[PDB]
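# Architecture at a glance
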12 protein chains.
Amino acid sequence: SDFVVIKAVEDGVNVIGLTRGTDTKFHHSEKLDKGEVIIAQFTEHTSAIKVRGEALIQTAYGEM
Amino acid sequence: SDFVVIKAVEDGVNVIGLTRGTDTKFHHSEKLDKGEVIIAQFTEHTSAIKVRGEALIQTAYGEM
Amino acid sequence: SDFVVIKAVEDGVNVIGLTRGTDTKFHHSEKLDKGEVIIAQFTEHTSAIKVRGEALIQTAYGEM
Amino acid sequence: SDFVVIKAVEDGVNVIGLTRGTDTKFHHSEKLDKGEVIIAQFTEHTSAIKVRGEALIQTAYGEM
Amino acid sequence: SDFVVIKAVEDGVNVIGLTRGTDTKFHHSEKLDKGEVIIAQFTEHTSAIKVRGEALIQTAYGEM
Amino acid sequence: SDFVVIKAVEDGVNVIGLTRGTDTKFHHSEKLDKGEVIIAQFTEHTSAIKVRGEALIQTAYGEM
Amino acid sequence: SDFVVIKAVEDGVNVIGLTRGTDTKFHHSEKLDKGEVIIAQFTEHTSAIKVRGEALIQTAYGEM
Amino acid sequence: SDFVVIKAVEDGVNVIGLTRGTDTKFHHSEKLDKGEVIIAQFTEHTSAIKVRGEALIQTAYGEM
Amino acid sequence: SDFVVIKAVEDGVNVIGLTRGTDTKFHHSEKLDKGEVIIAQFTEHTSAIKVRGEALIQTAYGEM
Amino acid sequence: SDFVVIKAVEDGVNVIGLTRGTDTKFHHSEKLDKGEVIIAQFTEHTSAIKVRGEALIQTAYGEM
Amino acid sequence: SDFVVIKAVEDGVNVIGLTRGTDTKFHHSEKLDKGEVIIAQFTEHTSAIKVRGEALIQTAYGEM
Amino acid sequence: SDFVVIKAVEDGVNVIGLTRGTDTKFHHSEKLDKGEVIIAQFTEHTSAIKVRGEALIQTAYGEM
Ligand SMILES: N[C@@H](Cc1c[nH]c2ccccc12)C(=O)O
Ligand SMILES: N[C@@H](Cc1c[nH]c2ccccc12)C(=O)O
Ligand SMILES: N[C@@H](Cc1c[nH]c2ccccc12)C(=O)O
Ligand SMILES: N[C@@H](Cc1c[nH]c2ccccc12)C(=O)O
Ligand SMILES: N[C@@H](Cc1c[nH]c2ccccc12)C(=O)O
Ligand SMILES: N[C@@H](Cc1c[nH]c2ccccc12)C(=O)O
Ligand SMILES: N[C@@H](Cc1c[nH]c2ccccc12)C(=O)O
Ligand SMILES: N[C@@H](Cc1c[nH]c2ccccc12)C(=O)O
Ligand SMILES: N[C@@H](Cc1c[nH]c2ccccc12)C(=O)O
Ligand SMILES: N[C@@H](Cc1c[nH]c2ccccc12)C(=O)O
Ligand SMILES: N[C@@H](Cc1c[nH]c2ccccc12)C(=O)O
Ligand SMILES: N[C@@H](Cc1c[nH]c2ccccc12)C(=O)O
């Protein structure tokens, strides 16, 4: 139930969930536009999140 | 039992629950108007929340 | 056992419980008048609360 | 486990327990007079508390 | 094991336990005099405590 | 494992344990004299403690 | 595993364990002299401790 | 796993473990000399510790 | 549920998951470019993370 | 998993583990020299630690 | 799920996992170069981590 | 779960794990040189750690 908050500062920001398991592949890519926010949990299927494109990011450890 | 608070600063703000599971898709979109607030938990079915349109957002980590 | 506090600043404020489950719909709408307060927990049946009309709201994360 | 404290600033303050379950109705209404206090827990049967009439209210999140 | 402390500032203060269950009624009323204190837990049978007459009250949330 | 500390400022102070159960009665009354202290837990049998006569009392919530 | 610390400021200080159960009686009285300290836990058999004679006392809640 | 630290400020300090159970008696007495320290846990068999002779004592609650 | 945040200050930064088990090898290498971020959990399969190339790193213990 | 840290300020410092059980005896004595440190846990077999000779000691409660 | 962060200040830094068990031997040695970081957990197989060569190290207790 | 950090200030520092159980003996001695660090957990087999030779040591309780 750990999560991350991501706000796209500029258009065309991209958020990628990476599969948990022995295998590691991108299983979903959610596209974000200027101002749009996403709050994503880590889950049974997502053990890593990748962020392409200039965004603003909050995590338990702080702001990016 | 982790949640997010979202208040629409202007009209026509949109809040999107994304399915938990192997698959990731929008299963519900709740529409908000100027001033209206929504407090949403993450749940057995919602592992990520998306926010289209200019809103004010609180999360465990702070304000957006 | 997480909850929210909602006080109506003006008449005709509306508080909506949204069903927890695969489905998401309004199952109850409680109407509030100037000054009246409601303290509502999230529950086996309510995984999100919506607030129509100008209210004052406290949550774990702070005041709205 | 969670509770709320309510003190009636003026006469004829009213405190309403709302049933927990699929259904949501008032199951009890306890009447309070100037100065009288009530400390009420959320319970197996009460998942939301409503307060009609001008009162002073403490919750985990603070004073109202 | 959550409790409340109640000290009667003036004579004839009254402390009322209200039944936990589907039903809500007064099952015990303990009377207090000037200076006398009572420390009462919420219990399997008491889910709300009511205080008639001018008292000083401590709870988890603070003084009232 | 919750407890209360009670010190008699003057002679003839009285400390009363009240039965936990559907029933509520005094099951023990321990008498205190000037200076004497008692540290009492809440227990399987004591769900409320009453204090007659001018004492000094500490609880989790502070000094009385 | 809750405990209390008691130091006798003057001679002939007395520390009394009171039985936990439906019954409440003194089951042990340990005698303390000027300077002698005792650190006593609450236990399966002791649910209240009484202190006769001028002592200095620490508890979870503070100093006496 | 709660413990106490005892350092003898002078010679001939004495540390006494008292039996846990219905019965309460000294089962061990460990003797300390100027400077010598002992760190003692409460245990399945020791529910109270007594300190004869001028020592320096730390407990969860602080210094003596 | 422990995680690390890694942001590439310059192009061609590399993030390597190392297998948990008796054996220790690289099982995945995710490539990062200027600005791109990755939030990675430790998992059933990743017990150590290696970071090649000039990055900015947050962990529970702080910034690197 | 509670422990103590002991550093010998001068030569010939001695650290003694005392048996946990109904019986209480020295089962091990580890000898320390000027500068040498030992970090010792309390364990299934050691419920008290004794320190002969001038040492520096850290515990959960602080420095000695 | 306790871990250590290690960043090589200079080239040719070496990070060594030591086997948990009755036996203690080096089972893996991961080599680090100027700037490269490694975040390593203690695990079912690694109960001690050794760091040869000039590095910067974060642990639960702080920086070294 | 608990660990200690040890950095050798000078050459030829020695770190000794002592067996957990009724018996207490050295089962491993790991040698450290100027600058080399070791982070060691307490484990099913190590209930005490000894440090010969002039080192710098961090523990939960602080620096040595
Ligand atoms: N499938 C991998 C994905 C992953 C998680 N954390 C990582 C850190 C680095 C590289 C890959 C990963 C896993 O579940 O473990
Ligand atoms: N169905 C996905 C949805 C998701 C959660 N967190 C994410 C982060 C990134 C991308 C997708 C997701 C899941 O339950 O895991
Ligand atoms: N029925 C949905 C309701 C919901 C909860 N949180 C949300 C966030 C966004 C959209 C819908 C929701 C659920 O239980 O998950
Ligand atoms: N019967 C509903 C009552 C309720 C609790 N929280 C709410 C929030 C909004 C509206 C109704 C409710 C339930 O148990 O869930
Ligand atoms: N019998 C009710 C009493 C009660 C508790 N909290 C309340 C709040 C409001 C009204 C009634 C109550 C119950 O156990 O739930
Ligand atoms: N027998 C009652 C005693 C009690 C506890 N708390 C109270 C508060 C008010 C009045 C009575 C009580 C019970 O166990 O619940
Ligand atoms: N035998 C009583 C003793 C007791 C504990 N706490 C008290 C408070 C007041 C009076 C008596 C008591 C019991 O176990 O409960
Ligand atoms: N045998 C008693 C010893 C004891 C513990 N705490 C006390 C306080 C007072 C008097 C005696 C005791 C017991 O286990 O309970
Ligand atoms: N396979 C190893 C990987 C590892 C984790 N932590 C380490 C520290 C140092 C060296 C290797 C490791 C393990 O699960 O334990
Ligand atoms: N064998 C005793 C040792 C002991 C622990 N704590 C003590 C305090 C005082 C005297 C002896 C002890 C026991 O396990 O309990
Ligand atoms: N195999 C040993 C390794 C070890 C852990 N901590 C230590 C401290 C000192 C010496 C050796 C060790 C063990 O699991 O316990
Ligand atoms: N074999 C002993 C080692 C030990 C741990 N802590 C100690 C303190 C003092 C002396 C010996 C020890 C044990 O497991 O308990």
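Residues numbered from 1 in each chain as written, not as in the entry; some residues may be left out. Chains lettered and ligands numbered in written order. Heavy atoms only, no water.

Per the PDB record, this model was obtained through X-ray crystallography at a reported resolution of 2.72 Å.

This brings us to the interface of chain A and chain I. Facing 23 residues of chain A, the contacting portion of chain I comprises 24 residues. Surface buried jointly by chain A and chain I totals about 2100 Å² across both partners, of which 57% is contributed by carbon and sulfur atoms. Among the residues chain A hides against chain I, the three largest losses belong to A:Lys50, A:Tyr61 and A:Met64. Together they make up 35% of the total. The salt bridge partner of A:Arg52 is I:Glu36, with a shortest N-O separation of 3.6 Å. Across the contact surface, chain A and chain I share nine residue pairs in polar contact. Broken down by secondary-structure element, the contributors of at least two residues to the side of chain A that touches chain I are strand 5 (46-52), strand 6 (55-59) and strand 7 (62-63) of chain A. The dominant element in the side of chain A that touches chain I, judged by the number of residues it contributes, is strand 5 of chain A, at six residues. (Contact = heavy atoms within 4.5 Å. Buried area = accessible area lost by both parts, 1.4 Å probe. Salt bridge = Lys/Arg side-chain N within 4 Å of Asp/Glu carboxyl O. Polar contact = N/O pair within 3.5 Å; in protein donor to acceptor, adjacent residues only side chain to side chain. Helix = DSSP H or I, 4+ residues; strand = E, 2+ residues; numbered from the N terminus.)

Our next topic: the site of ligand 7. Taken together, F:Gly17, F:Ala40, F:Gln41, F:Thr43, F:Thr46, F:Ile49, G:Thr19, G:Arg20, G:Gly21, G:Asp23, G:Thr24 and G:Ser47 make up the full set of residues adjacent to ligand 7. Ligand 7 sits at a junction of chains, with neighbouring residues supplied by chains F and G. Between an oxygen atom of ligand 7 and a main-chain N or O atom of G:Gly21, the distance comes to 3.0 Å. Elements supplying a minimum of two residues to the shell around ligand 7: strand 4 (37-41) and strand 5 (46-52) of chain F. For the shell around ligand 7, the residue count by class is two nonpolar, eight polar and two charged. (Near = heavy atom within 4 Å. Nonpolar A, V, L, I, M, F, W, Y, C, P; charged D, E, K, R; others polar.)

Now for the site of ligand 6. Close contacts around ligand 6 come from E:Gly17, E:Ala40, E:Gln41, E:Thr43, E:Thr46, E:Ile49, F:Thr19, F:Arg20, F:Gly21, F:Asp23, F:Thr24 and F:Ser47, and that covers them all. Chain contributions to the surroundings of ligand 6 come from chains E and F. Measuring from a nitrogen atom of ligand 6, one finds a backbone N or O atom of F:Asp23 at 2.8 Å. In the environment of ligand 6, a nitrogen atom lies 3.2 Å from a nitrogen or oxygen atom belonging to the side chain of F:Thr24. For ligand 6, the protein covers 99% of the area, taking 360 Å² as the surface of the free molecule. Secondary structure elements with two or more residues in the shell around ligand 6: strand 4 (37-41) and strand 5 (46-52) of chain E. Partitioning the shell around ligand 6 into residue classes produces two nonpolar, eight polar and two charged. (Areas by Shrake-Rupley, 256 points an atom, 1.4 Å probe, with all protein chains shown as cover.)

To continue, consider the pattern of salt bridges. The tally for this structure, following the rule as stated, stands at 30 salt bridges over all chains. When the shortest N-O distance is used, the salt bridge between K:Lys50 and L:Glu30 registers 2.8 Å. In this pair, K:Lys50 sits in strand 5 (residues 46-52) while L:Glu30 sits in strand 3 (residues 26-32), so the two residues belong to two different chains. By relative accessible area, which is 2% here, K:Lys50 ends up buried. Residues joined by salt bridges that share partners form a network here, namely A:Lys50, A:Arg52, I:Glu30 and I:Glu36. (Buried < 20%, exposed > 50% of the residue type's maximum accessible area, 1.4 Å probe, protein only.)

Here we take up the interface of chain D and chain E. A common way to express how large an interface is: the accessible area buried when the components associate. Listed per partner, the contact involves 24 residues of chain D and 23 residues of chain E. Summing both sides of the interface, chain D and chain E together bury roughly 2000 Å²; the carbon and sulfur share of this comes to 58%. When the buried area of chain D at its contact with chain E is split by residue, D:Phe3, D:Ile39 and D:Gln41 rank highest and sum to 31% of it. At the boundary of chain D and chain E, one finds two salt bridges. Scanning the region where chain D abuts chain E turns up 11 residue pairs in polar contact. Elements represented by at least two residues in the side of chain D that touches chain E include exactly strand 1 (3-8), strand 3 (26-32), strand 4 (37-41) and strand 6 (55-59) of chain D. Class assignment of the residues belonging to the side of chain D that touches chain E gives a composition of 11 nonpolar, eight polar and five charged.

Let's shift gears to the sheet that holds strand 7 (residues 62-63) of chain E. Taken in spatial order, the seven strands line up as 7(E)-6(E)-1(E)-4(E)-5(F)-2(F)-3(F) in an open sheet, and their pairing is antiparallel. Each edge of the sheet is formed by a strand with only one pairing partner; in this case those strands are strand 7 of chain E together with strand 3 (26-32) of chain F. Note: strand 6 (residues 55-59) of chain E against strand 7 of chain E, two bridges, orientation antiparallel. Bridged to E:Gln58 within strand 7 of chain E is E:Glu63. (Pairing = 2+ DSSP bridges.)

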